[PDB]
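Asks: Test case, fold it:
(2 chains)
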Amino acid sequence: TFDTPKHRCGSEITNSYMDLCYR
Amino acid sequence: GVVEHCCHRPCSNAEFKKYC
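Replies: Numbering: from 1, shown residues only, chains lettered A, B, ... in the order given. There you are, the coordinates:
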């Protein structure tokens, strides 16, 4: 599955930082 | 900000990483 656009709002942004920015 | 680019508009993982 291609890395397609997703809405990331509120605390999902935190989750995304944790999954995508942090080791 | 990330909310305008990824919550008001959706964003890919690769776009989100721009904000790390």
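
Asks: alpha carbons only for contacts and neighbour counts from here, please
Replies: OK.

Asks: Quick check: which element contains the residue nearest in space to the middle of chain A?
Replies: Geometric centre of chain A, nearest residue: residue A:16, 2.6 Å, by Cα atoms, centre = their mean. Using DSSP states H and E, residue A:16 falls within helix A:11-20.

Asks: Quick one: end-to-end length of stretch B:6-20, please.
Replies: Using Cα to Cα, to the nearest Å, one end of stretch B:6-20 lies 13 Å from the other.

Asks: ok, back up a step: touching chain B at all, the helix holding residue A:16?
Replies: Yes: contact of helix A:11-20 with chain B (Cα under 8 Å from any Cα of the partner chain) involves A:16-17, A:20.

Asks: what packs against that helix?
Replies: Secondary-structure packing of helix A:11-20 (3 or more Cα pairs under 8 Å, 6 or more residues apart in numbering or on different chains; DSSP states H and E): helix B:13-16.

Asks: any residues touching the helix it packs on, and which ones?
Replies: If you take Cα atoms under 8 Å, 6 or more residues apart in numbering or on different chains as the criterion, helix B:13-16 is touched by A:3-5, A:16, A:20, B:2, B:6.

Asks: Buried by neighbour count: which residues of it qualify?
Replies: Using 16 or more other Cα atoms under 10 Å in any protein chain shown as the test for burial, helix B:13-16 gives B:13, B:16.

Asks: follow-up on the earlier one: and the helix holding residue A:16, which residues are buried?
Replies: In helix A:11-20, counting by 16+ other Cα under 10 Å, buried: A:13, A:16.
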